[PDB]
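Encoded as structure tokens, the following chain is the form deposited in one PDB entry, with no partner shown.
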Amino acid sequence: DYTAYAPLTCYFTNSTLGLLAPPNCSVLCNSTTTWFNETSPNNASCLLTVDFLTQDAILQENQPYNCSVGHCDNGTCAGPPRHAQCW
């Protein structure tokens, strides 16, 4: 395993429009040694809103839900929103 490849694991939301960055276009990542944020690239798909009854998350319900998707614009998620299903 000479000069082995460097894995980077980053954490997204699953959706019908693919993996989404958060609304602030900053993704949590982990190298072999560290946890840090990386700014999403401009035009990456990002979560704008999540559209379920707030109490469902308080009850930690493990069910898919309606969400809206935008694109990253200079470190913030921008609309106009598109519909998607998130889980």
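Residues that one form lacks are left out of the comparison. Definition used throughout: the rigid core is the maximal C-alpha set that superposes within 1.5 Å between two forms. Don't overthink the numbering: it's just position in the shown sequence, from 1.
The discussion below concerns the form deposited in another entry, not included here.
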Worksheet item: After a core superposition, would you say residue 56 shifts its C-alpha by at least 2 Å between this form and the one not shown?
Response: yes
Discussion item. What direction does the residue 28-residue 59 Cα distance move in the other form compared with the shown chain, closer or farther, given a change of 3 Å or more?
Written reply: farther
Worksheet item: Looking in the other form, are the Cα atoms of residue 62 and residue 13 closer together or farther apart than here, the change being 3 Å or more?
Response: farther
Worksheet entry | Taking the rigid core as reference, consecutive runs of 3 or more residues that move 2 angstroms or more in Cα between this form and the one not shown | 1 to 6, 56 to 64
